[PDB]
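Asker: After the structure tokens below, expect a handful of questions from me.
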Amino acid sequence: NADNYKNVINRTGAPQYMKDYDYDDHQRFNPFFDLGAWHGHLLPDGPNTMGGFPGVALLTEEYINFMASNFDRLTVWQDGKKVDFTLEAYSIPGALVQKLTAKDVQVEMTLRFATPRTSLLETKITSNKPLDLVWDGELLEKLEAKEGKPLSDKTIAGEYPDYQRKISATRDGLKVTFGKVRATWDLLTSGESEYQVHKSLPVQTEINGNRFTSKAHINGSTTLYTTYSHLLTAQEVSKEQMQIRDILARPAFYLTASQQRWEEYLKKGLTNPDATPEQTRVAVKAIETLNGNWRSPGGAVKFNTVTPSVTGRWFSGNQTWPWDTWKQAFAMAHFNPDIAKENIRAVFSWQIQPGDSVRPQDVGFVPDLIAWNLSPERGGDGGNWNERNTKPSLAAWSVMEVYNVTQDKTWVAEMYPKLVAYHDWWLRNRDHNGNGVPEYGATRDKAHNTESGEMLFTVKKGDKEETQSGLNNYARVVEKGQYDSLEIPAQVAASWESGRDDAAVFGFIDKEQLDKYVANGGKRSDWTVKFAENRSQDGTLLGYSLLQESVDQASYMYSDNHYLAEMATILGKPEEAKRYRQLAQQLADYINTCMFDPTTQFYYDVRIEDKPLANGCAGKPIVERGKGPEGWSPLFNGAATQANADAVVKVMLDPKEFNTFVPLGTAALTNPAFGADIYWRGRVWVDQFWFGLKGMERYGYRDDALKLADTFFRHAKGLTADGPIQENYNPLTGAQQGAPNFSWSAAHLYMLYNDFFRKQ
Ligand SMILES: OC[C@H]1O[C@H](O)[C@H](O)[C@@H](O)[C@@H]1O
Ligand SMILES: OC[C@H]1O[C@H](O)[C@H](O)[C@@H](O)[C@@H]1O
Ligand SMILES: OC[C@H]1O[C@H](O)[C@H](O)[C@@H](O)[C@@H]1O
Ligand SMILES: OC[C@H]1O[C@H](O)[C@H](O)[C@@H](O)[C@@H]1O
Ligand SMILES: OC[C@H]1O[C@H](O)[C@H](O)[C@@H](O)[C@@H]1O
Ligand SMILES: [Ca+2]
């Protein structure tokens, strides 16, 4: 089956820089990774790289960095003359293949992964006469480029003097060793990491600086085996040796194991018999993408996980977020459920437990960002590890989907208490006014407050700054309004917690847009989101909330309660199920009463006003900031009444609001802060699009969802081509932007293939 899907993504390339970046700093080639391994390979691009799989990509703990262009590249010699081959090279799901053809000599190479640290190359040489084999390679020298244009003349060795890359011969191949580099934002090595090449036949290896040549003579047709391993610690180096020996003793078993594992992914995954071949191929792209972003345990992360992009500037190594994980695992449930389960475990594996040394006030909290290296507060030197905030919770929805596919009640039993603790955390730490309806917010953290717990902020006016602290001081400053801007680290973290960093609803609007809004009769203070601290009975600082209750947030809490009730029932906990159903109903009632605006036929966030409205709502819907995809969150999550859903769908299907060339973007065309190139104020993301279609379908509009899905399929640029999957689209043009090989796009593209794409 895998052979029906050649070169779904262009995996050719010959990188020339360690950071061989696209215009947004992501690696501009798409290496093949499998089995959660920490290195990847590219296909040759023609004569310069033919005979090898160039572009060894190393996942150095938290980043992707190229090691070499040619490395272990084969040329074949006959009586001193190089054999002249033609090249065929292609990817399939789970393998890279290249075939070199001459009249009297042929070479067939197959590269698959064998372990979570090791790939295996079969080199089959067919020849009527003896031959001399030569393998060569060279470490990269140049540091960084942007779309082929050097960003400087810096070298790798110049930029990282301690990297100290060294190639050495070994008895059965060679190795590259690396010194310890703790470049927090660029390059992270233990000082014990290595890249090893082991072969099934003796070779004589000569090293000259950062290049090597290995030589062997064969008397005729021979098949050899080579392992490549990136090993990140001394312990990994030691453990892998026995695995390498087993692979070389049974190479055909490892090739077969990979073949079979990939046939199973395709069998389990490709279940839409009404899909066109083009639609099916998109599903295969998504499967290749998600599986390549899977990482085996490493460092502080004791589980397999999936990152947002193995090639991403800030998304690589094993960096894991909850938001991305819920979407990832929902999709992967349908083809790689073992890793879907692991990805969810990874996120909860650092869930705050009672007596925590850093944040005992946050029991049940799930960190925003976990990775190889712990934060300094937890004894590591990682700069990415983040506990300033979490992300919106679709955790129960994700856990349920894995159950829906596997029917494994022990999985539900495993996750239920963790889901409950998270649920409880939202109600203690993200409900400033105690009404059962959460806000996005932030934690107590060294970035947010002084040693004594005073909230940090910086008041900016002209070129003058003023770093102050304390909530009451902040409150005065907002009241007086004599500043150009206010930077509150905790409120920045609250924007991160929402998952939509620059959305209109959270008060983000550029100067020109705001000047227009004000010039058309609005007040600039309409765009000010007030902020508050959350304290326990005894005065303890629990964290912070926006003084605003978000309709997507409320709808995800509805969802959380809804799925918990279903899991409670599955687990024979009927009184717990009853309580969750009651909490869901209350949230639905609040969403429909408080957050729906009849006049504009849509849902919106509400402010937490100084006093609640007479009807008990915390504030009026914030209609003046315009419409966004949060407006269909009550439909996606099932909190909406039919009547309110009918009203919302009419707005979604209006070309003057959301029914754009690529439909269901992150702000309506009528939103005062709309821009077609603004990530969270116009651009279309596949998750929000799919949430929209699902919400429509849920309320009787399957036929219209199917039509929007066809529109997306026809207008979303690049969908049927061989480029990597990116993050979002211009709603007016269909143009793509974002990190290549982006997991949650892949996940929702997969869902669309499963749920909505079909032959017309
Ligand atoms: O399994 C990977 C490859 O192995 C062999 O080279 C087959 O000839 C080829 O059809 C296949 O794609
Ligand atoms: O998630 C199911 C299984 O997936 C992977 O194989 C893990 O290595 C294993 O520990 C886990 O139990
Ligand atoms: O699981 C690793 C760690 O996760 C969280 O930080 C918990 O609060 C802590 O108790 C636990 O040791
Ligand atoms: O909280 C620690 C870190 O978390 C995240 O990785 C943020 O991107 C970074 O700005 C912050 O310093
Ligand atoms: O640097 C900003 C980014 O830092 C972290 O990755 C946060 O999880 C993300 O929400 C934020 O956009
Ligand atoms: Ca509240």
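Ordered as shown in the structure tokens, chains take letters A, B, and onward, while each chain numbers its residues from 1 and ligands are numbered from 1 in the order shown.
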Enumerate, in order of chain and increasing residue number, the residues of chain A with an atom no farther than 8 Å from ligand 1, each with its shortest atom pair and distance in Å to one decimal, counting only C-alpha atoms and all ligand atoms, as a tab-separated table.

Answerer:
residue	atom	partner	partner_atom_place_in_ligand_line	distance
A:2	CA	ligand 1	12 (O)	7.6
A:3	CA	ligand 1	12 (O)	5.3
A:92	CA	ligand 1	12 (O)	6.8
A:95	CA	ligand 1	2 (C)	6.3
A:96	CA	ligand 1	2 (C)	7.3
A:97	CA	ligand 1	3 (C)	6.1
A:98	CA	ligand 1	6 (O)	7.9
A:99	CA	ligand 1	6 (O)	7.8
A:108	CA	ligand 1	6 (O)	6.3
A:109	CA	ligand 1	6 (O)	7.0
A:110	CA	ligand 1	2 (C)	6.1
A:255	CA	ligand 1	1 (O)	8.0
A:259	CA	ligand 1	1 (O)	6.7

Asker: Would you write out those residues with N, CA, C and O atoms, as a tab-separated table (two decimals), in the first residue's frame?

Answerer:
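File produced: out16.tsv:
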chain	number	residue	atom	x	y	z
A	2	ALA	N	1.91	1.30	0.82
A	2	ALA	CA	2.77	2.49	0.92
A	2	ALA	C	3.35	2.94	-0.41
A	2	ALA	O	3.51	4.15	-0.65
A	3	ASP	N	3.62	1.99	-1.31
A	3	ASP	CA	4.16	2.32	-2.66
A	3	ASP	C	3.20	3.10	-3.54
A	3	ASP	O	3.63	3.67	-4.53
A	92	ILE	N	8.41	7.08	0.46
A	92	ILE	CA	7.09	6.51	0.68
A	92	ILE	C	6.78	6.67	2.17
A	92	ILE	O	7.67	7.03	2.94
A	95	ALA	N	9.61	5.19	4.54
A	95	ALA	CA	10.92	4.87	3.94
A	95	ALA	C	11.41	5.86	2.89
A	95	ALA	O	10.61	6.56	2.25
A	96	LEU	N	12.73	5.92	2.74
A	96	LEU	CA	13.36	6.59	1.61
A	96	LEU	C	14.04	5.53	0.75
A	96	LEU	O	14.61	4.57	1.29
A	97	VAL	N	13.95	5.71	-0.58
A	97	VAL	CA	14.51	4.75	-1.53
A	97	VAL	C	15.31	5.50	-2.58
A	97	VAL	O	14.89	6.56	-3.05
A	98	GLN	N	16.47	4.97	-2.94
A	98	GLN	CA	17.14	5.46	-4.14
A	98	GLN	C	17.77	4.31	-4.89
A	98	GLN	O	18.23	3.34	-4.29
A	99	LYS	N	17.70	4.39	-6.21
A	99	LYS	CA	18.23	3.36	-7.08
A	99	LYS	C	19.18	4.03	-8.05
A	99	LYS	O	18.87	5.07	-8.64
A	108	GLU	N	20.60	-0.53	-5.16
A	108	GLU	CA	19.29	-0.19	-4.60
A	108	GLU	C	19.48	0.04	-3.11
A	108	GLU	O	20.03	-0.83	-2.42
A	109	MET	N	19.04	1.21	-2.65
A	109	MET	CA	19.19	1.62	-1.27
A	109	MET	C	17.82	1.84	-0.67
A	109	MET	O	16.98	2.52	-1.27
A	110	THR	N	17.59	1.26	0.50
A	110	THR	CA	16.36	1.47	1.26
A	110	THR	C	16.74	1.91	2.67
A	110	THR	O	17.54	1.24	3.36
A	255	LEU	N	13.58	-4.22	8.57
A	255	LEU	CA	12.94	-3.64	7.39
A	255	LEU	C	11.47	-4.08	7.33
A	255	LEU	O	10.58	-3.25	7.17
A	259	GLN	N	7.96	-1.83	7.43
A	259	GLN	CA	6.98	-2.02	6.37
A	259	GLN	C	5.61	-2.32	6.94
A	259	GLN	O	4.63	-1.69	6.56

Asker: Considering only C-alpha atoms and all ligand atoms, give me a table of residues in chain A that are at most 9 Å from ligand 6, with the closest atom pair and distance in Å for each, as a Markdown table.

Answerer:
| residue | atom | partner | partner_atom_place_in_ligand_line | distance |
| --- | --- | --- | --- | --- |
| A:427 | CA | ligand 6 | 1 (Ca) | 8.5 |
| A:430 | CA | ligand 6 | 1 (Ca) | 7.3 |
| A:431 | CA | ligand 6 | 1 (Ca) | 4.2 |
| A:432 | CA | ligand 6 | 1 (Ca) | 5.5 |
| A:433 | CA | ligand 6 | 1 (Ca) | 4.9 |
| A:434 | CA | ligand 6 | 1 (Ca) | 5.5 |
| A:435 | CA | ligand 6 | 1 (Ca) | 4.9 |
| A:436 | CA | ligand 6 | 1 (Ca) | 5.7 |
| A:437 | CA | ligand 6 | 1 (Ca) | 4.1 |
| A:438 | CA | ligand 6 | 1 (Ca) | 4.6 |
| A:439 | CA | ligand 6 | 1 (Ca) | 5.9 |
| A:545 | CA | ligand 6 | 1 (Ca) | 8.9 |
| A:547 | CA | ligand 6 | 1 (Ca) | 8.5 |
| A:548 | CA | ligand 6 | 1 (Ca) | 7.9 |
| A:549 | CA | ligand 6 | 1 (Ca) | 6.1 |
| A:608 | CA | ligand 6 | 1 (Ca) | 7.6 |
| A:618 | CA | ligand 6 | 1 (Ca) | 7.6 |

Asker: Keeping N, CA, C and O atoms for every residue in the selection just given, could you write it to a file as a PDB file, in the first residue's frame?

Answerer:
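For reference, selection.pdb as written:
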ATOM      1  N   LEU A 427     -11.493  25.843  38.199  1.00  0.00           N
ATOM      2  CA  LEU A 427     -12.467  26.452  39.110  1.00  0.00           C
ATOM      3  C   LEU A 427     -11.853  27.135  40.326  1.00  0.00           C
ATOM      4  O   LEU A 427     -12.458  28.078  40.836  1.00  0.00           O
ATOM      5  N   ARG A 430      -8.896  29.994  38.147  1.00  0.00           N
ATOM      6  CA  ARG A 430      -9.324  30.785  36.987  1.00  0.00           C
ATOM      7  C   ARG A 430     -10.802  31.147  37.029  1.00  0.00           C
ATOM      8  O   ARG A 430     -11.513  31.078  35.992  1.00  0.00           O
ATOM      9  N   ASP A 431     -11.268  31.578  38.192  1.00  0.00           N
ATOM     10  CA  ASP A 431     -12.653  32.031  38.329  1.00  0.00           C
ATOM     11  C   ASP A 431     -12.713  33.151  39.346  1.00  0.00           C
ATOM     12  O   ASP A 431     -13.154  32.965  40.479  1.00  0.00           O
ATOM     13  N   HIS A 432     -12.267  34.327  38.906  1.00  0.00           N
ATOM     14  CA  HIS A 432     -12.030  35.473  39.780  1.00  0.00           C
ATOM     15  C   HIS A 432     -13.251  35.888  40.589  1.00  0.00           C
ATOM     16  O   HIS A 432     -13.135  36.194  41.788  1.00  0.00           O
ATOM     17  N   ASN A 433     -14.406  35.869  39.935  1.00  0.00           N
ATOM     18  CA  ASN A 433     -15.678  36.262  40.551  1.00  0.00           C
ATOM     19  C   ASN A 433     -16.509  35.098  41.077  1.00  0.00           C
ATOM     20  O   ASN A 433     -17.663  35.274  41.437  1.00  0.00           O
ATOM     21  N   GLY A 434     -15.934  33.901  41.105  1.00  0.00           N
ATOM     22  CA  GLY A 434     -16.581  32.741  41.704  1.00  0.00           C
ATOM     23  C   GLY A 434     -17.948  32.336  41.190  1.00  0.00           C
ATOM     24  O   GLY A 434     -18.752  31.804  41.967  1.00  0.00           O
ATOM     25  N   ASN A 435     -18.223  32.547  39.900  1.00  0.00           N
ATOM     26  CA  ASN A 435     -19.542  32.239  39.359  1.00  0.00           C
ATOM     27  C   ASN A 435     -19.616  30.922  38.600  1.00  0.00           C
ATOM     28  O   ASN A 435     -20.624  30.620  37.937  1.00  0.00           O
ATOM     29  N   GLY A 436     -18.552  30.124  38.683  1.00  0.00           N
ATOM     30  CA  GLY A 436     -18.509  28.852  37.966  1.00  0.00           C
ATOM     31  C   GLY A 436     -18.144  28.945  36.487  1.00  0.00           C
ATOM     32  O   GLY A 436     -18.156  27.937  35.775  1.00  0.00           O
ATOM     33  N   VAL A 437     -17.779  30.135  36.029  1.00  0.00           N
ATOM     34  CA  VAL A 437     -17.518  30.372  34.620  1.00  0.00           C
ATOM     35  C   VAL A 437     -16.085  30.912  34.500  1.00  0.00           C
ATOM     36  O   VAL A 437     -15.799  31.991  34.987  1.00  0.00           O
ATOM     37  N   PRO A 438     -15.176  30.142  33.886  1.00  0.00           N
ATOM     38  CA  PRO A 438     -13.744  30.492  33.923  1.00  0.00           C
ATOM     39  C   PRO A 438     -13.343  31.672  33.063  1.00  0.00           C
ATOM     40  O   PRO A 438     -14.079  32.095  32.166  1.00  0.00           O
ATOM     41  N   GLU A 439     -12.147  32.170  33.341  1.00  0.00           N
ATOM     42  CA  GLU A 439     -11.480  33.146  32.524  1.00  0.00           C
ATOM     43  C   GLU A 439     -10.144  32.545  32.122  1.00  0.00           C
ATOM     44  O   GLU A 439      -9.629  31.686  32.817  1.00  0.00           O
ATOM     45  N   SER A 545      -6.528  36.514  36.510  1.00  0.00           N
ATOM     46  CA  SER A 545      -7.508  36.377  35.422  1.00  0.00           C
ATOM     47  C   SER A 545      -7.681  37.691  34.661  1.00  0.00           C
ATOM     48  O   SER A 545      -7.584  38.782  35.254  1.00  0.00           O
ATOM     49  N   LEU A 547     -10.293  40.240  33.342  1.00  0.00           N
ATOM     50  CA  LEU A 547     -11.645  40.569  33.805  1.00  0.00           C
ATOM     51  C   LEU A 547     -12.614  40.445  32.641  1.00  0.00           C
ATOM     52  O   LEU A 547     -13.246  41.408  32.184  1.00  0.00           O
ATOM     53  N   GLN A 548     -12.692  39.217  32.153  1.00  0.00           N
ATOM     54  CA  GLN A 548     -13.413  38.893  30.945  1.00  0.00           C
ATOM     55  C   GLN A 548     -13.622  37.381  30.914  1.00  0.00           C
ATOM     56  O   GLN A 548     -12.676  36.629  31.127  1.00  0.00           O
ATOM     57  N   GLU A 549     -14.853  36.956  30.634  1.00  0.00           N
ATOM     58  CA  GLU A 549     -15.175  35.549  30.555  1.00  0.00           C
ATOM     59  C   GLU A 549     -15.330  35.207  29.088  1.00  0.00           C
ATOM     60  O   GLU A 549     -16.203  35.745  28.393  1.00  0.00           O
ATOM     61  N   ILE A 608     -16.100  41.031  32.807  1.00  0.00           N
ATOM     62  CA  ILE A 608     -16.481  41.019  34.213  1.00  0.00           C
ATOM     63  C   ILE A 608     -16.560  42.498  34.599  1.00  0.00           C
ATOM     64  O   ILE A 608     -15.543  43.153  34.865  1.00  0.00           O
ATOM     65  N   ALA A 618     -22.033  38.370  34.320  1.00  0.00           N
ATOM     66  CA  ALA A 618     -20.908  39.185  34.778  1.00  0.00           C
ATOM     67  C   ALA A 618     -20.752  40.503  34.015  1.00  0.00           C
ATOM     68  O   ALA A 618     -20.161  41.453  34.519  1.00  0.00           O
TER      69      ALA A 618
END

Asker: Given a cut-off of 9 Å, what residues near ligand 2 show up using only C-alpha atoms and all ligand atoms, put as an mmCIF file with N, CA, C and O atoms, in the first residue's frame?

Answerer:
data_model
loop_
_atom_site.group_PDB
_atom_site.id
_atom_site.type_symbol
_atom_site.label_atom_id
_atom_site.label_comp_id
_atom_site.auth_asym_id
_atom_site.auth_seq_id
_atom_site.Cartn_x
_atom_site.Cartn_y
_atom_site.Cartn_z
ATOM 1 N N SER A 296 10.363 9.946 20.744
ATOM 2 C CA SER A 296 10.474 9.020 21.854
ATOM 3 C C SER A 296 10.870 9.771 23.123
ATOM 4 O O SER A 296 11.275 10.922 23.062
ATOM 5 N N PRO A 297 10.744 9.123 24.290
ATOM 6 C CA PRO A 297 11.168 9.809 25.502
ATOM 7 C C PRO A 297 12.577 10.396 25.397
ATOM 8 O O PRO A 297 13.458 9.802 24.771
ATOM 9 N N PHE A 303 7.826 10.112 28.347
ATOM 10 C CA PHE A 303 6.887 9.462 27.450
ATOM 11 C C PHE A 303 7.142 9.836 26.009
ATOM 12 O O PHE A 303 7.800 10.854 25.736
ATOM 13 N N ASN A 304 6.628 9.022 25.085
ATOM 14 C CA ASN A 304 6.612 9.433 23.692
ATOM 15 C C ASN A 304 5.725 10.659 23.631
ATOM 16 O O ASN A 304 4.789 10.773 24.414
ATOM 17 N N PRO A 337 -2.717 4.961 17.580
ATOM 18 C CA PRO A 337 -3.303 5.215 18.899
ATOM 19 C C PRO A 337 -2.300 5.057 20.045
ATOM 20 O O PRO A 337 -2.461 5.714 21.062
ATOM 21 N N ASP A 338 -1.291 4.185 19.890
ATOM 22 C CA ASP A 338 -0.309 3.977 20.943
ATOM 23 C C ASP A 338 0.394 5.305 21.278
ATOM 24 O O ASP A 338 0.611 5.614 22.451
ATOM 25 N N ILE A 339 0.714 6.082 20.243
ATOM 26 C CA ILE A 339 1.426 7.354 20.397
ATOM 27 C C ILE A 339 0.481 8.487 20.746
ATOM 28 O O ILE A 339 0.874 9.401 21.463
ATOM 29 N N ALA A 340 -0.759 8.442 20.256
ATOM 30 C CA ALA A 340 -1.794 9.360 20.774
ATOM 31 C C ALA A 340 -1.913 9.280 22.305
ATOM 32 O O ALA A 340 -1.891 10.316 22.986
ATOM 33 N N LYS A 341 -2.007 8.063 22.837
ATOM 34 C CA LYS A 341 -2.051 7.838 24.291
ATOM 35 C C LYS A 341 -0.804 8.394 24.965
ATOM 36 O O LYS A 341 -0.909 9.127 25.914
ATOM 37 N N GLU A 342 0.366 8.083 24.425
ATOM 38 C CA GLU A 342 1.631 8.589 24.991
ATOM 39 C C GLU A 342 1.707 10.116 25.009
ATOM 40 O O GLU A 342 2.152 10.703 25.978
ATOM 41 N N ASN A 343 1.282 10.755 23.918
ATOM 42 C CA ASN A 343 1.346 12.205 23.812
ATOM 43 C C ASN A 343 0.522 12.857 24.945
ATOM 44 O O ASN A 343 0.946 13.825 25.564
ATOM 45 N N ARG A 345 -0.288 11.326 27.851
ATOM 46 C CA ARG A 345 0.463 11.022 29.084
ATOM 47 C C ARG A 345 1.598 12.029 29.269
ATOM 48 O O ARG A 345 1.842 12.479 30.381
#

Asker: Output the neighbourhood of ligand 4 as a count of residues only, that is, all protein and nucleic acid residues with some atom at most 9 Å from the ligand, counting only C-alpha atoms and all ligand atoms.

Answerer: 18

Asker: Ligand 3: which residues are within 7 Å, counting only C-alpha atoms and all ligand atoms, as a VMD selection string?

Answerer: chain A and resid 349 to 356

Asker: Please produce a file of the residues just selected, as a JSON list (two decimals), in the first residue's frame, where the atoms kept are N, CA and C atoms.

Answerer:
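Saved as part_20.json:
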[["chain", "number", "residue", "atom", "x", "y", "z"],
["A", 349, "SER", "N", 2.17, 14.24, 32.58],
["A", 349, "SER", "CA", 3.26, 13.69, 33.38],
["A", 349, "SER", "C", 3.96, 14.75, 34.23],
["A", 350, "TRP", "N", 3.70, 16.03, 33.94],
["A", 350, "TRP", "CA", 4.20, 17.15, 34.74],
["A", 350, "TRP", "C", 3.08, 17.98, 35.34],
["A", 351, "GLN", "N", 1.91, 17.36, 35.45],
["A", 351, "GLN", "CA", 0.77, 17.96, 36.10],
["A", 351, "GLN", "C", 1.13, 18.18, 37.57],
["A", 352, "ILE", "N", 0.77, 19.35, 38.10],
["A", 352, "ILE", "CA", 1.13, 19.72, 39.46],
["A", 352, "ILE", "C", 0.39, 18.84, 40.48],
["A", 353, "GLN", "N", 1.17, 18.26, 41.40],
["A", 353, "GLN", "CA", 0.64, 17.42, 42.47],
["A", 353, "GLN", "C", 0.80, 18.12, 43.83],
["A", 354, "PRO", "N", -0.02, 17.74, 44.81],
["A", 354, "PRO", "CA", 0.08, 18.39, 46.11],
["A", 354, "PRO", "C", 1.50, 18.41, 46.66],
["A", 355, "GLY", "N", 1.89, 19.53, 47.25],
["A", 355, "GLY", "CA", 3.20, 19.67, 47.86],
["A", 355, "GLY", "C", 4.29, 20.03, 46.86],
["A", 356, "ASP", "N", 3.92, 20.34, 45.61],
["A", 356, "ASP", "CA", 4.89, 20.71, 44.59],
["A", 356, "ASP", "C", 5.85, 21.77, 45.12]]

Asker: Segment 180-182 of chain A: which residues within 12 Å, counting only C-alpha atoms, same-chain residues fewer than 4 positions away excluded, as a PyMOL selection string?

Answerer: chain A and resi 60-63+156-157+159-165+186-194+232-233+373+380-383

Asker: Which residues are near residue 245 of chain A? Cut-off 12 Å, only C-alpha atoms, ignore same chain within fewer than 4 positions. Put them as number ranges by chain.

Answerer: A: 114, 118, 120, 172, 198-200, 225-227, 239-241, 249-251

Asker: Would you mind exporting N, CA, C and O atoms of the selected residues as a JSON list (two decimals), in the first residue's frame?

Answerer:
[["chain", "number", "residue", "atom", "x", "y", "z"],
["A", 114, "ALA", "N", 14.86, 1.79, 12.64],
["A", 114, "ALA", "CA", 14.97, 0.51, 13.33],
["A", 114, "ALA", "C", 14.66, 0.60, 14.84],
["A", 114, "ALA", "O", 14.04, -0.31, 15.39],
["A", 118, "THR", "N", 17.96, 4.97, 15.95],
["A", 118, "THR", "CA", 18.75, 4.35, 14.88],
["A", 118, "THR", "C", 17.95, 4.09, 13.61],
["A", 118, "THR", "O", 16.87, 3.49, 13.66],
["A", 120, "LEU", "N", 18.35, 2.39, 9.60],
["A", 120, "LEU", "CA", 18.98, 1.28, 8.92],
["A", 120, "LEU", "C", 18.91, 1.45, 7.43],
["A", 120, "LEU", "O", 17.83, 1.69, 6.86],
["A", 172, "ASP", "N", 34.04, -0.67, 12.99],
["A", 172, "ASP", "CA", 33.00, -1.03, 12.00],
["A", 172, "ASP", "C", 32.34, 0.19, 11.33],
["A", 172, "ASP", "O", 31.21, 0.12, 10.87],
["A", 198, "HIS", "N", 27.63, 2.41, 11.88],
["A", 198, "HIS", "CA", 28.12, 1.03, 11.93],
["A", 198, "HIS", "C", 27.78, 0.26, 10.65],
["A", 198, "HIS", "O", 26.68, 0.39, 10.12],
["A", 199, "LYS", "N", 28.69, -0.56, 10.15],
["A", 199, "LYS", "CA", 28.43, -1.29, 8.90],
["A", 199, "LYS", "C", 28.69, -2.79, 9.04],
["A", 199, "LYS", "O", 29.48, -3.22, 9.90],
["A", 200, "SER", "N", 28.02, -3.56, 8.20],
["A", 200, "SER", "CA", 28.16, -5.01, 8.20],
["A", 200, "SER", "C", 29.45, -5.49, 7.52],
["A", 200, "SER", "O", 29.75, -6.67, 7.57],
["A", 225, "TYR", "N", 24.73, -3.63, 5.09],
["A", 225, "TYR", "CA", 23.82, -2.93, 5.98],
["A", 225, "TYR", "C", 24.58, -1.90, 6.78],
["A", 225, "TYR", "O", 25.72, -2.16, 7.19],
["A", 226, "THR", "N", 23.96, -0.75, 6.97],
["A", 226, "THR", "CA", 24.54, 0.37, 7.70],
["A", 226, "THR", "C", 23.51, 0.92, 8.68],
["A", 226, "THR", "O", 22.34, 1.11, 8.30],
["A", 227, "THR", "N", 23.94, 1.16, 9.91],
["A", 227, "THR", "CA", 23.11, 1.87, 10.88],
["A", 227, "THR", "C", 23.65, 3.28, 11.11],
["A", 227, "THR", "O", 24.87, 3.53, 11.14],
["A", 239, "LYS", "N", 23.56, 1.85, 25.73],
["A", 239, "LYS", "CA", 22.39, 1.00, 25.48],
["A", 239, "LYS", "C", 22.20, 0.65, 24.01],
["A", 239, "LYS", "O", 21.68, -0.42, 23.68],
["A", 240, "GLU", "N", 22.59, 1.54, 23.11],
["A", 240, "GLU", "CA", 22.28, 1.30, 21.70],
["A", 240, "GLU", "C", 23.17, 0.23, 21.07],
["A", 240, "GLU", "O", 22.79, -0.39, 20.09],
["A", 241, "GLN", "N", 24.35, 0.00, 21.64],
["A", 241, "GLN", "CA", 25.30, -0.89, 21.01],
["A", 241, "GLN", "C", 24.73, -2.29, 20.81],
["A", 241, "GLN", "O", 24.93, -2.85, 19.75],
["A", 249, "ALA", "N", 22.51, -8.27, 12.71],
["A", 249, "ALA", "CA", 22.33, -9.73, 12.64],
["A", 249, "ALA", "C", 21.00, -10.13, 11.99],
["A", 249, "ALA", "O", 20.85, -11.27, 11.55],
["A", 250, "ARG", "N", 20.04, -9.21, 11.95],
["A", 250, "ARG", "CA", 18.67, -9.50, 11.47],
["A", 250, "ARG", "C", 18.08, -8.32, 10.69],
["A", 250, "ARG", "O", 16.93, -7.92, 10.93],
["A", 251, "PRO", "N", 18.85, -7.77, 9.74],
["A", 251, "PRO", "CA", 18.39, -6.53, 9.12],
["A", 251, "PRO", "C", 17.04, -6.66, 8.42],
["A", 251, "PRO", "O", 16.23, -5.74, 8.52]]

Asker: I need the helix (DSSP H, G or I) residues of segment 152-365 of chain A per DSSP on the backbone, written as a PyMOL selection string.

Answerer: chain A and resi 156-159+234-249+251-269+277-292+322-332+337-348+360-362

Asker: Looking at only C-alpha atoms, which of A:56, A:51, A:31, A:637 is the one that sits closest to residue 85 of chain A?

Answerer: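 The answer is A:51, which sits nearest to residue 85 of chain A.
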
Asker: Per DSSP on the backbone, what are the strand (DSSP E) residues of segment 350-514 of chain A, as a list in words?

Answerer: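 Answer for segment 350-514 of chain A, restricted to strand (DSSP E): residues 441, 442, 443, 456, 457, 458, 459, 460, 461, 464, 465, 466, 467, 468, 469, 485, 486 and 487 of chain A.
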
Asker: Ranking A:555, A:728, A:272, A:644 by minimum distance to residue 586 of chain A and counting only C-alpha atoms, which one comes first?

Answerer: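 Between A:555, A:728, A:272, A:644, the residue approaching residue 586 of chain A most closely is A:555.
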
Asker: Could you list, as a count of residues only, every residue within 9 Å of segment 125-141 of chain A, counting only C-alpha atoms and ignoring same-chain residues fewer than 5 positions away?

Answerer: 50

Asker: Give me the residues within 8 Å of residue 490 of chain A as a ChimeraX atom specification, counting only C-alpha atoms and dropping any in the same chain fewer than 5 places off.

Answerer: /A:388,441-443,447-448,455-456,544

Asker: Counting only C-alpha atoms, what is within 6 Å of residue 196 of chain A, bar same-chain residues fewer than 4 positions away, as a ChimeraX atom specification?

Answerer: /A:175,228-229

Asker: Can you tell me how far atom CA of residue 148 of chain A sits from atom CA of residue 22 of chain A, in Å to one decimal?

Answerer: 8.3 Å

Asker: Using only C-alpha atoms and all ligand atoms, which of the listed residues (A:366, A:419, A:519, A:751) sits closest to ligand 5?

Answerer: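 Result for the nearest residue to ligand 5: A:366.
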
Asker: Distance table requested - segment 214-293 of chain A against segment 698-711 of chain A, cut-off 12 Å, only C-alpha atoms: one row per qualifying residue with the closest atom pair and its distance in Å to one decimal, ordered by chain and rising residue number, as a tab-separated table.

Answerer:
residue	atom	partner	partner_atom	distance
A:275	CA	A:710	CA	11.3
A:276	CA	A:710	CA	11.5
A:279	CA	A:710	CA	10.4
